[PDB]
file protein_8.cif (mmCIF, N, CA and C atoms)
data_target
#
loop_
_atom_site.label_atom_id
_atom_site.label_comp_id
_atom_site.auth_asym_id
_atom_site.auth_seq_id
_atom_site.Cartn_x
_atom_site.Cartn_y
_atom_site.Cartn_z
N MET A 1 -16.11 -13.03 6.86
CA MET A 1 -14.64 -12.97 7.05
C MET A 1 -14.30 -13.13 8.54
N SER A 2 -13.21 -13.87 8.80
CA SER A 2 -12.67 -14.06 10.14
C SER A 2 -11.87 -12.81 10.57
N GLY A 3 -11.62 -12.69 11.88
CA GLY A 3 -10.72 -11.67 12.41
C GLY A 3 -9.29 -11.95 12.00
N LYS A 4 -8.89 -11.42 10.84
CA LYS A 4 -7.60 -11.73 10.22
C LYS A 4 -6.47 -10.90 10.84
N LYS A 5 -5.71 -11.53 11.75
CA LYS A 5 -4.46 -10.99 12.28
C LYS A 5 -3.35 -11.36 11.28
N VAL A 6 -3.08 -10.45 10.35
CA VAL A 6 -2.04 -10.61 9.31
C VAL A 6 -0.81 -9.73 9.63
N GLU A 7 0.37 -10.16 9.15
CA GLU A 7 1.60 -9.36 9.25
C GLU A 7 1.84 -8.69 7.89
N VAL A 8 1.75 -7.36 7.89
CA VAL A 8 1.88 -6.51 6.70
C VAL A 8 3.17 -5.69 6.84
N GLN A 9 4.15 -5.96 5.96
CA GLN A 9 5.48 -5.34 6.02
C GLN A 9 5.55 -4.21 4.98
N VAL A 10 5.55 -2.95 5.44
CA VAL A 10 5.62 -1.77 4.55
C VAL A 10 7.10 -1.37 4.42
N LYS A 11 7.67 -1.62 3.23
CA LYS A 11 9.10 -1.42 2.93
C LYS A 11 9.23 -0.28 1.92
N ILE A 12 9.63 0.91 2.38
CA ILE A 12 9.61 2.14 1.55
C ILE A 12 11.03 2.74 1.43
N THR A 13 11.46 2.95 0.19
CA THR A 13 12.78 3.47 -0.14
C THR A 13 12.68 4.98 -0.42
N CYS A 14 13.42 5.79 0.35
CA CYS A 14 13.43 7.26 0.19
C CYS A 14 14.82 7.81 0.56
N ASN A 15 15.36 8.67 -0.34
CA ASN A 15 16.60 9.45 -0.15
C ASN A 15 17.83 8.57 -0.39
N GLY A 16 18.03 7.58 0.48
CA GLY A 16 19.08 6.57 0.29
C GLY A 16 18.96 5.42 1.27
N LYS A 17 17.86 5.40 2.04
CA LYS A 17 17.57 4.37 3.05
C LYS A 17 16.26 3.67 2.71
N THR A 18 16.12 2.42 3.16
CA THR A 18 14.89 1.64 3.00
C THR A 18 14.30 1.37 4.40
N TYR A 19 13.06 1.81 4.61
CA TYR A 19 12.38 1.77 5.90
C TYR A 19 11.32 0.66 5.85
N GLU A 20 11.64 -0.51 6.41
CA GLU A 20 10.69 -1.63 6.52
C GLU A 20 10.38 -1.91 7.98
N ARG A 21 9.13 -2.32 8.22
CA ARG A 21 8.60 -2.59 9.56
C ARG A 21 7.44 -3.58 9.42
N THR A 22 7.43 -4.64 10.25
CA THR A 22 6.35 -5.64 10.25
C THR A 22 5.22 -5.17 11.19
N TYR A 23 4.06 -4.83 10.60
CA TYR A 23 2.88 -4.36 11.35
C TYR A 23 1.90 -5.52 11.53
N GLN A 24 1.28 -5.59 12.71
CA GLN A 24 0.24 -6.57 13.00
C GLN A 24 -1.11 -5.87 12.79
N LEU A 25 -1.79 -6.21 11.69
CA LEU A 25 -3.09 -5.61 11.33
C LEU A 25 -4.20 -6.64 11.57
N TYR A 26 -5.09 -6.35 12.52
CA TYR A 26 -6.24 -7.20 12.83
C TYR A 26 -7.52 -6.53 12.32
N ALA A 27 -8.28 -7.24 11.47
CA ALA A 27 -9.57 -6.75 10.96
C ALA A 27 -10.53 -7.92 10.77
N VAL A 28 -11.67 -7.85 11.46
CA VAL A 28 -12.80 -8.77 11.27
C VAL A 28 -13.51 -8.47 9.94
N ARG A 29 -13.47 -7.18 9.55
CA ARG A 29 -14.18 -6.65 8.37
C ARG A 29 -13.16 -6.20 7.29
N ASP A 30 -13.56 -6.28 6.01
CA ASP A 30 -12.71 -5.91 4.85
C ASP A 30 -12.41 -4.40 4.83
N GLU A 31 -13.48 -3.60 5.06
CA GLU A 31 -13.41 -2.13 5.10
C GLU A 31 -12.48 -1.63 6.22
N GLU A 32 -12.41 -2.41 7.32
CA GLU A 32 -11.52 -2.10 8.45
C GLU A 32 -10.05 -2.10 8.01
N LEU A 33 -9.63 -3.13 7.25
CA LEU A 33 -8.23 -3.27 6.81
C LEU A 33 -7.88 -2.14 5.81
N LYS A 34 -8.87 -1.72 4.98
CA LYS A 34 -8.70 -0.59 4.03
C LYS A 34 -8.21 0.69 4.75
N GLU A 35 -9.00 1.14 5.74
CA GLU A 35 -8.70 2.37 6.50
C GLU A 35 -7.43 2.23 7.36
N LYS A 36 -7.10 0.98 7.77
CA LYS A 36 -5.87 0.68 8.54
C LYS A 36 -4.62 0.81 7.64
N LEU A 37 -4.76 0.43 6.36
CA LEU A 37 -3.71 0.65 5.35
C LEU A 37 -3.49 2.16 5.15
N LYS A 38 -4.60 2.93 5.02
CA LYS A 38 -4.55 4.40 4.93
C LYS A 38 -3.87 5.01 6.17
N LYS A 39 -4.13 4.43 7.36
CA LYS A 39 -3.48 4.84 8.62
C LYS A 39 -1.95 4.66 8.52
N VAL A 40 -1.52 3.39 8.35
CA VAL A 40 -0.09 3.01 8.39
C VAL A 40 0.73 3.75 7.31
N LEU A 41 0.20 3.79 6.07
CA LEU A 41 0.85 4.43 4.92
C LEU A 41 0.98 5.96 5.13
N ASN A 42 -0.16 6.65 5.34
CA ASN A 42 -0.21 8.14 5.48
C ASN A 42 0.63 8.63 6.68
N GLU A 43 0.60 7.88 7.80
CA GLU A 43 1.39 8.22 9.01
C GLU A 43 2.90 8.06 8.75
N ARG A 44 3.29 6.91 8.16
CA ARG A 44 4.71 6.55 7.99
C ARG A 44 5.37 7.38 6.88
N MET A 45 4.58 7.74 5.86
CA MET A 45 5.06 8.50 4.70
C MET A 45 5.08 10.01 4.97
N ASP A 46 4.46 10.44 6.08
CA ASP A 46 4.44 11.86 6.47
C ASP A 46 5.88 12.40 6.73
N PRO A 47 6.74 11.77 7.61
CA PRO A 47 8.15 12.19 7.74
C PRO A 47 8.99 11.89 6.47
N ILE A 48 8.57 10.88 5.68
CA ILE A 48 9.28 10.46 4.44
C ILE A 48 9.30 11.59 3.38
N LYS A 49 8.14 12.25 3.20
CA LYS A 49 8.02 13.37 2.25
C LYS A 49 8.86 14.57 2.72
N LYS A 50 8.95 14.70 4.05
CA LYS A 50 9.76 15.73 4.73
C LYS A 50 11.27 15.44 4.59
N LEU A 51 11.64 14.14 4.47
CA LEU A 51 13.04 13.71 4.23
C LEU A 51 13.46 14.09 2.81
N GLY A 52 12.48 14.04 1.88
CA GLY A 52 12.65 14.59 0.54
C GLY A 52 13.22 13.59 -0.45
N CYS A 53 12.45 13.32 -1.51
CA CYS A 53 12.80 12.38 -2.58
C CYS A 53 12.09 12.80 -3.87
N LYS A 54 12.63 12.41 -5.04
CA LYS A 54 11.93 12.59 -6.32
C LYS A 54 10.79 11.56 -6.44
N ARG A 55 11.07 10.35 -5.93
CA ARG A 55 10.17 9.20 -6.03
C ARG A 55 10.51 8.19 -4.92
N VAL A 56 9.49 7.47 -4.44
CA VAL A 56 9.65 6.42 -3.41
C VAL A 56 9.30 5.05 -4.01
N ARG A 57 10.08 4.03 -3.64
CA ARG A 57 9.79 2.63 -4.00
C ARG A 57 9.24 1.91 -2.76
N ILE A 58 7.93 1.71 -2.75
CA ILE A 58 7.23 1.01 -1.67
C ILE A 58 7.08 -0.47 -2.08
N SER A 59 7.14 -1.36 -1.10
CA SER A 59 6.99 -2.79 -1.28
C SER A 59 6.25 -3.32 -0.05
N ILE A 60 4.95 -3.60 -0.20
CA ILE A 60 4.11 -4.12 0.88
C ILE A 60 3.93 -5.63 0.69
N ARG A 61 4.58 -6.43 1.54
CA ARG A 61 4.45 -7.88 1.52
C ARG A 61 3.43 -8.28 2.58
N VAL A 62 2.35 -8.95 2.16
CA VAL A 62 1.32 -9.42 3.08
C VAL A 62 1.65 -10.88 3.44
N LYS A 63 1.45 -11.26 4.70
CA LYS A 63 1.71 -12.63 5.13
C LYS A 63 0.50 -13.51 4.77
N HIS A 64 0.79 -14.69 4.24
CA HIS A 64 -0.23 -15.67 3.87
C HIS A 64 -0.59 -16.50 5.10
N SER A 65 -1.86 -16.40 5.53
CA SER A 65 -2.35 -17.02 6.77
C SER A 65 -2.32 -18.56 6.69
N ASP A 66 -3.09 -19.11 5.74
CA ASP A 66 -3.24 -20.56 5.54
C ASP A 66 -3.47 -20.81 4.05
N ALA A 67 -2.86 -21.88 3.51
CA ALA A 67 -2.84 -22.17 2.05
C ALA A 67 -4.24 -22.18 1.41
N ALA A 68 -5.25 -22.66 2.17
CA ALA A 68 -6.65 -22.70 1.71
C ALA A 68 -7.24 -21.28 1.59
N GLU A 69 -6.94 -20.44 2.59
CA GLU A 69 -7.48 -19.07 2.68
C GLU A 69 -6.80 -18.12 1.68
N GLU A 70 -5.46 -18.18 1.65
CA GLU A 70 -4.60 -17.10 1.13
C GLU A 70 -4.71 -16.89 -0.39
N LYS A 71 -5.18 -17.91 -1.12
CA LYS A 71 -5.45 -17.80 -2.56
C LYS A 71 -6.61 -16.80 -2.80
N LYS A 72 -7.64 -16.91 -1.95
CA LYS A 72 -8.83 -16.06 -1.99
C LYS A 72 -8.55 -14.70 -1.33
N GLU A 73 -7.81 -14.72 -0.20
CA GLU A 73 -7.60 -13.53 0.64
C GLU A 73 -6.61 -12.54 0.00
N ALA A 74 -5.60 -13.04 -0.74
CA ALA A 74 -4.63 -12.18 -1.44
C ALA A 74 -5.28 -11.52 -2.68
N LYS A 75 -6.17 -12.28 -3.36
CA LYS A 75 -6.96 -11.77 -4.50
C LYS A 75 -7.94 -10.67 -4.02
N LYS A 76 -8.53 -10.89 -2.84
CA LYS A 76 -9.41 -9.92 -2.16
C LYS A 76 -8.59 -8.69 -1.72
N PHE A 77 -7.36 -8.95 -1.22
CA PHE A 77 -6.47 -7.92 -0.66
C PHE A 77 -5.89 -7.04 -1.78
N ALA A 78 -5.84 -7.59 -3.00
CA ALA A 78 -5.44 -6.84 -4.20
C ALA A 78 -6.43 -5.69 -4.45
N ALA A 79 -7.73 -6.02 -4.36
CA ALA A 79 -8.82 -5.04 -4.52
C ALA A 79 -8.82 -4.01 -3.37
N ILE A 80 -8.56 -4.49 -2.13
CA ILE A 80 -8.45 -3.66 -0.91
C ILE A 80 -7.37 -2.56 -1.10
N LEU A 81 -6.19 -2.97 -1.61
CA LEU A 81 -5.05 -2.08 -1.85
C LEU A 81 -5.34 -1.07 -2.98
N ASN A 82 -6.02 -1.54 -4.04
CA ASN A 82 -6.35 -0.71 -5.23
C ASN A 82 -7.22 0.50 -4.84
N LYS A 83 -8.08 0.31 -3.82
CA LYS A 83 -8.89 1.39 -3.23
C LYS A 83 -7.99 2.41 -2.51
N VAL A 84 -7.09 1.89 -1.64
CA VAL A 84 -6.28 2.70 -0.72
C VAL A 84 -5.29 3.61 -1.48
N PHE A 85 -4.56 3.02 -2.44
CA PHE A 85 -3.58 3.74 -3.27
C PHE A 85 -4.28 4.81 -4.14
N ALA A 86 -5.52 4.51 -4.58
CA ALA A 86 -6.35 5.46 -5.34
C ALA A 86 -6.79 6.66 -4.46
N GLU A 87 -6.94 6.41 -3.15
CA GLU A 87 -7.34 7.43 -2.16
C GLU A 87 -6.13 8.24 -1.64
N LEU A 88 -4.90 7.76 -1.91
CA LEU A 88 -3.65 8.39 -1.40
C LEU A 88 -2.88 9.12 -2.52
N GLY A 89 -3.22 8.82 -3.79
CA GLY A 89 -2.61 9.50 -4.94
C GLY A 89 -1.47 8.71 -5.57
N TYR A 90 -1.72 7.42 -5.84
CA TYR A 90 -0.78 6.52 -6.55
C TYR A 90 -1.54 5.90 -7.73
N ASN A 91 -0.90 5.87 -8.91
CA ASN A 91 -1.53 5.42 -10.16
C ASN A 91 -1.59 3.88 -10.24
N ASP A 92 -2.50 3.36 -11.09
CA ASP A 92 -2.77 1.91 -11.23
C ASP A 92 -1.52 1.13 -11.72
N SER A 93 -0.86 1.68 -12.77
CA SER A 93 0.38 1.12 -13.34
C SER A 93 1.51 1.02 -12.30
N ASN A 94 1.54 2.00 -11.38
CA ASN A 94 2.55 2.10 -10.31
C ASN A 94 2.43 0.91 -9.33
N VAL A 95 1.22 0.34 -9.25
CA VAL A 95 0.91 -0.83 -8.41
C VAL A 95 1.10 -2.12 -9.25
N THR A 96 2.08 -2.96 -8.88
CA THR A 96 2.34 -4.24 -9.58
C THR A 96 2.79 -5.33 -8.57
N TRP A 97 2.14 -6.51 -8.62
CA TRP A 97 2.48 -7.65 -7.76
C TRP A 97 3.62 -8.49 -8.39
N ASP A 98 4.57 -8.91 -7.54
CA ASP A 98 5.73 -9.73 -7.93
C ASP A 98 6.45 -10.25 -6.67
N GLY A 99 6.59 -11.58 -6.57
CA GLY A 99 7.28 -12.24 -5.46
C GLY A 99 6.53 -12.14 -4.14
N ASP A 100 5.24 -12.55 -4.18
CA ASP A 100 4.25 -12.49 -3.05
C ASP A 100 4.25 -11.12 -2.31
N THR A 101 4.65 -10.08 -3.04
CA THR A 101 4.78 -8.70 -2.56
C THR A 101 4.17 -7.77 -3.61
N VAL A 102 3.59 -6.64 -3.20
CA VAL A 102 3.14 -5.60 -4.14
C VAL A 102 4.15 -4.44 -4.13
N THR A 103 4.72 -4.15 -5.29
CA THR A 103 5.68 -3.07 -5.48
C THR A 103 4.91 -1.86 -6.03
N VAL A 104 4.79 -0.81 -5.22
CA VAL A 104 4.07 0.42 -5.57
C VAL A 104 5.05 1.59 -5.52
N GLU A 105 5.16 2.33 -6.61
CA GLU A 105 5.97 3.56 -6.66
C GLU A 105 5.06 4.79 -6.70
N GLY A 106 5.57 5.92 -6.21
CA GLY A 106 4.86 7.19 -6.32
C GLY A 106 5.84 8.34 -6.43
N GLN A 107 5.56 9.29 -7.33
CA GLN A 107 6.41 10.47 -7.54
C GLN A 107 6.31 11.36 -6.28
N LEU A 108 7.34 11.30 -5.42
CA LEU A 108 7.34 11.95 -4.08
C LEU A 108 7.33 13.49 -4.25
N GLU A 109 6.69 14.19 -3.27
CA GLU A 109 6.49 15.66 -3.28
C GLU A 109 5.40 16.04 -4.30
N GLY A 110 5.75 15.95 -5.60
CA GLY A 110 4.78 16.14 -6.68
C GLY A 110 4.00 14.86 -6.96
N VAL A 111 3.16 14.46 -5.97
CA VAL A 111 2.42 13.19 -5.99
C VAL A 111 1.21 13.24 -6.96
N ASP A 112 1.53 13.18 -8.27
CA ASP A 112 0.56 13.14 -9.37
C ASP A 112 1.31 12.87 -10.68
N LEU A 113 0.68 12.11 -11.59
CA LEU A 113 1.20 11.87 -12.95
C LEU A 113 0.12 12.24 -14.00
N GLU A 114 -1.16 12.06 -13.62
CA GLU A 114 -2.31 12.24 -14.52
C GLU A 114 -2.78 13.71 -14.55
N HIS A 115 -2.14 14.51 -15.42
CA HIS A 115 -2.52 15.91 -15.69
C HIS A 115 -3.36 15.98 -16.99
N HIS A 116 -4.58 15.43 -16.93
CA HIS A 116 -5.47 15.29 -18.11
C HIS A 116 -6.09 16.63 -18.53
N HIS A 117 -5.98 16.94 -19.83
CA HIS A 117 -6.69 18.05 -20.48
C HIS A 117 -7.58 17.47 -21.60
N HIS A 118 -8.84 17.17 -21.25
CA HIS A 118 -9.81 16.53 -22.16
C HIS A 118 -10.88 17.56 -22.58
N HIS A 119 -11.00 17.79 -23.90
CA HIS A 119 -12.02 18.70 -24.45
C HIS A 119 -13.40 17.99 -24.46
N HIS A 120 -14.38 18.57 -23.73
CA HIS A 120 -15.72 17.99 -23.52
C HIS A 120 -15.58 16.59 -22.83
#
call {"tool": "encode", "arguments": {"input": "protein_8.cif", "output": "structure tokens"}}
result
Amino acid sequence: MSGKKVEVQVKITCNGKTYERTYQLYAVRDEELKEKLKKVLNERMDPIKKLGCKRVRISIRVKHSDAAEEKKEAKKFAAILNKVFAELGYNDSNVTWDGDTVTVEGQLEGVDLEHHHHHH
């Protein structure tokens, strides 16, 4: 993988405002971009939970570098995101791609939906 300087726009709706910001994320390695997503999300959502909401509507649009690369890199970046949201407490169904953007929702404050009671 090349040193991918991508523009990642984290657009999060909470309370009654939408907070979007274009971040410049540089990663030579795939694992590097994973932990950088955990950085940007966990840091930015820290005051958001304090602002207080029942649920947040997040929309992370990744910039497509080059037409040859971006077919492979967005498919790879789908897997990258699936790791990060799983590590932050967002469900698989909550993560859905539409309009070259990933729309991820999470139940704010009470950040859990899967209250499983399985016998054996």
call {"tool": "resolve_selection", "arguments": {"input": "protein_8.cif", "expression": "the PyMOL selection byres ((chain A and resi 59-73) around 5)", "output": "ChimeraX atom specification"}}
result
/A:7-12,57-58,74-77,101-104
call {"tool": "atom_distance", "arguments": {"input": "protein_8.cif", "atom1": "atom C of residue A:29", "atom2": "atom CA of residue A:5"}}
result
11.1 Å
call {"tool": "closest_residue", "arguments": {"input": "protein_8.cif", "among": "A:111, A:45, A:6, A:40", "to": "residue A:27", "atoms": "all atoms listed in the file"}}
result
A:6
call {"tool": "residues_around", "arguments": {"input": "protein_8.cif", "residues": "residue A:110", "least_positions_apart": "4", "cutoff": "8 Å", "atoms": "only N, CA and C atoms", "output": "list in words"}}
result
residues 53, 54, 55 and 106 of chain A
call {"tool": "write_last_selection", "arguments": {"input": "protein_8.cif", "atoms": "N, CA and C atoms", "output": "tab-separated table (two decimals), in the coordinates of the input"}}
result
chain	number	residue	atom	x	y	z
A	53	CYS	N	12.45	13.32	-1.51
A	53	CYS	CA	12.80	12.38	-2.58
A	53	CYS	C	12.09	12.80	-3.87
A	54	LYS	N	12.63	12.41	-5.04
A	54	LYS	CA	11.93	12.59	-6.32
A	54	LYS	C	10.79	11.56	-6.44
A	55	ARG	N	11.07	10.35	-5.93
A	55	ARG	CA	10.17	9.20	-6.03
A	55	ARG	C	10.51	8.19	-4.92
A	106	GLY	N	5.57	5.92	-6.21
A	106	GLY	CA	4.86	7.19	-6.32
A	106	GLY	C	5.84	8.34	-6.43
call {"tool": "axis_aligned_box", "arguments": {"input": "protein_8.cif", "around": "stretch 106-116 of chain A", "padding_each_side": "6 Å", "output": "AutoDock Vina command-line options"}}
result
--center_x 0.6 --center_y 11.3 --center_z -10.9 --size_x 25.4 --size_y 22.7 --size_z 27.3
call {"tool": "select_by_dssp", "arguments": {"input": "protein_8.cif", "residues": "stretch 5-118 of chain A", "states": "strand (DSSP E)", "output": "compact mmCIF listing (two decimals) with N, CA and C atoms, keeping the file's coordinate frame"}}
result
# COMPACT_ATOMS: atom_id res chain seq x y z
N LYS A 5 -5.71 -11.53 11.75
CA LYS A 5 -4.46 -10.99 12.28
C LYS A 5 -3.35 -11.36 11.28
N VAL A 6 -3.08 -10.45 10.35
CA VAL A 6 -2.04 -10.61 9.31
C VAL A 6 -0.81 -9.73 9.63
N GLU A 7 0.37 -10.16 9.15
CA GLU A 7 1.60 -9.36 9.25
C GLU A 7 1.84 -8.69 7.89
N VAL A 8 1.75 -7.36 7.89
CA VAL A 8 1.88 -6.51 6.70
C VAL A 8 3.17 -5.69 6.84
N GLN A 9 4.15 -5.96 5.96
CA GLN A 9 5.48 -5.34 6.02
C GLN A 9 5.55 -4.21 4.98
N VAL A 10 5.55 -2.95 5.44
CA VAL A 10 5.62 -1.77 4.55
C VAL A 10 7.10 -1.37 4.42
N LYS A 11 7.67 -1.62 3.23
CA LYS A 11 9.10 -1.42 2.93
C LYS A 11 9.23 -0.28 1.92
N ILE A 12 9.63 0.91 2.38
CA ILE A 12 9.61 2.14 1.55
C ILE A 12 11.03 2.74 1.43
N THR A 13 11.46 2.95 0.19
CA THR A 13 12.78 3.47 -0.14
C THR A 13 12.68 4.98 -0.42
N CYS A 14 13.42 5.79 0.35
CA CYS A 14 13.43 7.26 0.19
C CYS A 14 14.82 7.81 0.56
N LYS A 17 17.86 5.40 2.04
CA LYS A 17 17.57 4.37 3.05
C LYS A 17 16.26 3.67 2.71
N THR A 18 16.12 2.42 3.16
CA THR A 18 14.89 1.64 3.00
C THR A 18 14.30 1.37 4.40
N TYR A 19 13.06 1.81 4.61
CA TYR A 19 12.38 1.77 5.90
C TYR A 19 11.32 0.66 5.85
N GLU A 20 11.64 -0.51 6.41
CA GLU A 20 10.69 -1.63 6.52
C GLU A 20 10.38 -1.91 7.98
N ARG A 21 9.13 -2.32 8.22
CA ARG A 21 8.60 -2.59 9.56
C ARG A 21 7.44 -3.58 9.42
N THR A 22 7.43 -4.64 10.25
CA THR A 22 6.35 -5.64 10.25
C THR A 22 5.22 -5.17 11.19
N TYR A 23 4.06 -4.83 10.60
CA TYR A 23 2.88 -4.36 11.35
C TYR A 23 1.90 -5.52 11.53
N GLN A 24 1.28 -5.59 12.71
CA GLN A 24 0.24 -6.57 13.00
C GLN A 24 -1.11 -5.87 12.79
N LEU A 25 -1.79 -6.21 11.69
CA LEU A 25 -3.09 -5.61 11.33
C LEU A 25 -4.20 -6.64 11.57
N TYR A 26 -5.09 -6.35 12.52
CA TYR A 26 -6.24 -7.20 12.83
C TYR A 26 -7.52 -6.53 12.32
N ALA A 27 -8.28 -7.24 11.47
CA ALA A 27 -9.57 -6.75 10.96
C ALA A 27 -10.53 -7.92 10.77
N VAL A 56 9.49 7.47 -4.44
CA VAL A 56 9.65 6.42 -3.41
C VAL A 56 9.30 5.05 -4.01
N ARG A 57 10.08 4.03 -3.64
CA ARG A 57 9.79 2.63 -4.00
C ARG A 57 9.24 1.91 -2.76
N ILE A 58 7.93 1.71 -2.75
CA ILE A 58 7.23 1.01 -1.67
C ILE A 58 7.08 -0.47 -2.08
N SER A 59 7.14 -1.36 -1.10
CA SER A 59 6.99 -2.79 -1.28
C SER A 59 6.25 -3.32 -0.05
N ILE A 60 4.95 -3.60 -0.20
CA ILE A 60 4.11 -4.12 0.88
C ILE A 60 3.93 -5.63 0.69
N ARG A 61 4.58 -6.43 1.54
CA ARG A 61 4.45 -7.88 1.52
C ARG A 61 3.43 -8.28 2.58
N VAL A 62 2.35 -8.95 2.16
CA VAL A 62 1.32 -9.42 3.08
C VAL A 62 1.65 -10.88 3.44
N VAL A 95 1.22 0.34 -9.25
CA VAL A 95 0.91 -0.83 -8.41
C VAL A 95 1.10 -2.12 -9.25
N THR A 96 2.08 -2.96 -8.88
CA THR A 96 2.34 -4.24 -9.58
C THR A 96 2.79 -5.33 -8.57
N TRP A 97 2.14 -6.51 -8.62
CA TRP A 97 2.48 -7.65 -7.76
C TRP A 97 3.62 -8.49 -8.39
N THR A 101 4.65 -10.08 -3.04
CA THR A 101 4.78 -8.70 -2.56
C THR A 101 4.17 -7.77 -3.61
N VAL A 102 3.59 -6.64 -3.20
CA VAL A 102 3.14 -5.60 -4.14
C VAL A 102 4.15 -4.44 -4.13
N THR A 103 4.72 -4.15 -5.29
CA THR A 103 5.68 -3.07 -5.48
C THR A 103 4.91 -1.86 -6.03
N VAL A 104 4.79 -0.81 -5.22
CA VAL A 104 4.07 0.42 -5.57
C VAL A 104 5.05 1.59 -5.52
N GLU A 105 5.16 2.33 -6.61
CA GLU A 105 5.97 3.56 -6.66
C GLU A 105 5.06 4.79 -6.70
N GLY A 106 5.57 5.92 -6.21
CA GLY A 106 4.86 7.19 -6.32
C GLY A 106 5.84 8.34 -6.43
call {"tool": "closest_residue", "arguments": {"input": "protein_8.cif", "among": "A:107, A:93, A:13, A:82", "to": "residue A:34", "atoms": "only C-alpha atoms"}}
result
A:82
call {"tool": "select_by_dssp", "arguments": {"input": "protein_8.cif", "residues": "stretch 14-92 of chain A", "states": "alpha helix (DSSP H)", "output": "PyMOL selection string"}}
result
chain A and resi 30-51+67-88
call {"tool": "closest_residue", "arguments": {"input": "protein_8.cif", "among": "A:1, A:88, A:78, A:95", "to": "residue A:30", "atoms": "all atoms listed in the file"}}
result
A:1
call {"tool": "atom_distance", "arguments": {"input": "protein_8.cif", "atom1": "atom CA of residue A:80", "atom2": "atom CA of residue A:24"}}
result
16.7 Å
call {"tool": "atom_distance", "arguments": {"input": "protein_8.cif", "atom1": "atom CA of residue A:25", "atom2": "atom CA of residue A:112"}}
result
28.2 Å
call {"tool": "residues_around", "arguments": {"input": "protein_8.cif", "residues": "residue A:37", "least_positions_apart": "4", "cutoff": "7 Å", "atoms": "only C-alpha atoms", "output": "VMD selection string"}}
result
chain A and resid 33 41 84
call {"tool": "closest_residue", "arguments": {"input": "protein_8.cif", "among": "A:87, A:3, A:52, A:20", "to": "residue A:38", "atoms": "all atoms listed in the file"}}
result
A:87
